[PDB]
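Colleague: no sequence on this one, just coordinates:
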Ligand SMILES: NC(=O)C1=CN([C@@H]2O[C@H](COP(=O)(O)OP(=O)(O)OC[C@H]3O[C@@H](n4cnc5c(N)ncnc54)[C@H](OP(=O)(O)O)[C@@H]3O)[C@@H](O)[C@H]2O)C=CC1
Ligand SMILES: [Zn+2]
């Protein structure tokens, strides 16, 4: 089983490479959380880190979609792509 | 005397040593980098490693130096420097009743022209330097371990070599032969950090960086 | 004095005594467990409490240079006695 | 500025194979580069001016005999001193040792005024002297 | 900075050259050394132990370093040839008396806090 | 485990192994090796001895200070056995004698003494008792050595249920009285193999393999109650085995055939010696008897060990017996003898 | 019961309430047969079949970086943000207050001492709570050196 357990977003605070995800999170993150209140979206940020997405699936599986330099629309389109499959 | 405890200081020897220090510095400016006379009237000459042979030859053969006895040849391992090893020569002049110090520098992987040609006394001193520290010397006749046991690993006097060593010895009855095992001290060497956190000598106060 | 342990072994003044289940006891068999009998903890108690009519005293353990370094004890608290740290001899002000 | 058959030796210095250290004590040891803090009991600072190199501690059991603190790790009492972090951090991997480095803690300058002890308004006025 | 004068070899090619005949000088006398020192071990395990010692020093990629082991091995050959090392010194290479230290993480966790 | 018995260290001399051995009869062939293997790991071995303290001197430099403790014990005394095993984790039995002393016969030293050791150990409260008996232990074999051993192991099993019993086939080593015994027979003219030794089949086992087998049994948790059988990897016919001994020793070979009853007589003749006898009648029977294969009993390999062939460790024993003409010969000069299928 | 390692017996990674993630160092090895906490779990996973990837302290620290990159940035406060987004989410749902006054668990000194397992097992700490509870007369020793 690969049902969605948690989504981890690692973004840099000021790096232009992680600028796009910052544009996403101020606007669209709240609406995403209202859609999946049970889903633990993790936004553990850092400094000088390549903006990446970790998606923990059931039975201990983790995908490593990397949203480097992705714009806010790109970040959102990656998100619904990951959670499009309920399993 | 007003200084019954302070060791008396000689200025005439200081002037003579200082004058000779300038003399050697002008003679071979190709290797002599810096020269200093310590407070207790001892002269040190800082040469470049390539000048190991020419400088020693001049001190051995010049009519005004005649330093014809290598007292000892040792090195001080200072890891904080780029060239950790610091080879030191000590020569004595019988004719002029004086001693000189000639010191070079060397990293781990660099060979030094063996002074066996100039001072045949250096021959055995060279083996000790290589054995204790690992400094290889080119053109040495019989460069090999002198003090450490046969098949010894590492160089003991290096500051990064533990005092107790890596291997101890024991007679193993199963093989009926003395064998080597990893070290296991019955009581570990209790290191003592006994450096007072208060400045000792303001004269040698290194300026801040 | 010396107190014997329940396992049957003399207890040192430090309170050391091997447990019944302790394997490190076979050494003592066919030998004797060295222990001193003059327990300094006890012997110091028998020393009488000296009484001096002065606020402070100087104790050197007797013998001058053969004793401990000279210390000065403040015999002001009438509740208890002042004991030299080095040797343990007590002192007391007689009703001040 | 020295023509002594000079060749390009770009690759990093790897003297580890010559120091004679066994294989175990060359990877599984994590050295620490740090400026020792002043002994808080004292107030002098002459022991916090040189970078120190030390190896992580290991097992220290008790002898079946009187019971000293035995050990089996030779790299237990080895402490090295370096005058600059760069020299210290360079000596680690040159000898081939995994390291972690802690930056020097400089006591920040604090403005102290004696007149503040007796302040007309500020609560810094002391009640005893 | 990137350039420093060499020991014996100017690059890896001649440094590797000085390794080969050192291995040659180490291959030939192993049966002679075994005969000389009354080795319990046969000739065969002598030859690959020379091979294995030469093998473990393979990651070296520096001409100055390779010269240092090359000359150090030469002394080791010299010490062995003129009976300077006895049986105990020779048997030191064969780590016999010490028990094999297991390599799996589970065994290390069972025996002690060794990382 | 006790608070002072938790293992510590890295297996060296100063490391605390955590086993308090009580190796009985350690002043002997296997006793020397088992103490050494216990000595390396740092185990407080309580070695009892009845011989001269001088004969135990070689035992002293095998353990850290305070580890090897020497105690005086007597076979026919419960108090002595109790004194030595009162504080112990494991008790190792190694008492044995290839001949019958005036004060000690095979009955005394292979049944009576093991009975007292096993019975007292259980009363003391030890954990494991490792008892050793011959592989050829049998109740009906004429050799009283094998007959006594079979009775003793059954009795020890009754007194101490979870007592590991070791059944080595035949040890060979520096002082084995097995390879040395055959090599020493050059003095007596030729070698008088019984029936030319064409029927006896032996499976000698290296002494070091047995020693590590005992140590592995101590640390193993499944050794409780098992009955092991220690045998070498190969299996040799007697005539070819003696061929390998004399070829490795480079000594002349004279295969004298000698009748069994006559051999029993010369064994009687050599028995008369008050000192250490060269050979007894029981010894003659033993070398004449074969080593039966017992696959049901767990083998040496089950104790995480690999057996060592005799042809690999042969020069160790027979280098001494070689004269100056062959004192420097290599190991592979003599190839292994015939290997009957195991 | 599985004996673990104390904070003075392991090279751990603790994060303070301000976000700084600092690390401790092995002052002395754990007593007896007690082992390090992470090695216990990793060894347990290997026995159970589902062996974990990391096998060394660097490996698990690297894994710690993957889960949260700010757990490796030692002695560095990684400033968070997006307070407004957290505020907007808290506007969702409605939980009402209660009349119980805000009483901290520790009001005086006596209950500051006896908090955690190490403190509870301590002997010198028991004298302190004994001292503050009753008067001075219950705490005194012939203290000279
Ligand atoms: N091939 C073999 O020989 C095999 C032997 N075994 C068993 O191994 C054990 C030891 O063999 P090994 O070491 O070669 O024998 P050794 O004769 O070399 O040594 C025997 C040991 O037992 C002691 N001992 C014997 N009889 C007495 C006695 N009556 N009272 C006190 N101590 C006594 C001896 O003391 P001291 O030295 O003072 O005489 C010595 O310590 C024996 O039980 C033997 O049967 C098992 C399998 C194979
Ligand atoms: Zn006093």
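Modeller: Received it, and whenever you're ready, just let me know what you need. Numbering: from 1, shown residues only, chains lettered A, B, ... in the order given. Ligands and ions are numbered 1, 2, ... in the order given.
Colleague: When you work out contacts or count neighbours from here on, use the C-alpha atoms and nothing else.
Modeller: Noted.
Colleague: how deep is residue B:125 tucked in, by neighbour count?
Modeller: By other Cα atoms under 10 Å in any protein chain shown, 18 other residues sit near residue B:125.
Colleague: so the closest residue in space to it that isn't next to it in sequence, which of the three states?
Modeller: Excluding the flanking residues, the one nearest residue B:125 by Cα to Cα, 6 or more residues apart in numbering or on different chains is residue B:73, at 5.8 Å. Counting by DSSP: H, G, I helix; E, B strand; the rest coil, the backbone at residue B:73 sits in strand.
Colleague: you'd agree residue B:73 is up against residue B:120?
Modeller: No: between residue B:73 and residue B:120 there is no contact under Cα atoms under 8 Å: 11.8 Å.
Colleague: So between those two, which is more surrounded?
Modeller: Per other Cα under 10 Å, whichever of residue B:73 and residue B:120 has more neighbours is residue B:73, with 22 against 13.
Colleague: wait, does stretch F:68-75 contact ligand 1?
Modeller: Yes: contact of stretch F:68-75 with ligand 1 is found when judged by Cα under 6 Å from any ligand atom, involving residue F:75.
Colleague: Do any residues in that stretch lie close to chain B?
Modeller: No: judged by Cα under 8 Å from any Cα of the partner chain, stretch F:68-75 stays clear of chain B, getting no closer than 14.8 Å.
Colleague: in which helix or strand would I find residue A:74?
Modeller: helix A:72-83 (DSSP states H and E).
Colleague: tell me which residues in that helix are buried?
Modeller: Within helix A:72-83, the residues scored as buried using 16 or more other Cα atoms under 10 Å in any protein chain shown are A:72, A:75, A:76, A:78, A:79, A:82.
Colleague: Excluding sequence neighbours, find me the nearest residue to the second one.
Modeller: For residue A:75, ignoring the flanking residues on the chain, the nearest one in space by Cα to Cα, 6+ apart is residue A:21 at 6.2 Å.
Colleague: Burial check on the one you found, number of neighbours?
Modeller: Here the number of neighbours of residue A:21 (other Cα under 10 Å) works out to 26.
Colleague: could you point out which element follows whichever strand or helix holds it?
Modeller: Taking DSSP H and E as the criterion, residue A:21 maps to helix A:19-27. Using DSSP H and E, the next helix or strand after helix A:19-27 towards the C-terminus is helix A:29-35.
Colleague: And that next one, what does it pack against?
Modeller: Judged by 3 or more Cα pairs under 8 Å, 6 or more residues apart in numbering or on different chains; DSSP states H and E, helix A:29-35 is in contact with helix G:83-91.
Colleague: Could you check how far the helix or strand harbouring residue E:13 is from the centre of its chain?
Modeller: In this structure, residue E:13 sits in helix E:12-28 according to DSSP H and E. Computed by Cα atoms, centre = their mean, to the nearest Å, the chain-centroid distance of helix E:12-28 equals 13 Å.
Colleague: How far does the helix holding residue A:74 sit from its chain's centre?
Modeller: Counting by Cα atoms, centre = their mean, helix A:72-83 comes out at 8 Å from the chain centroid.
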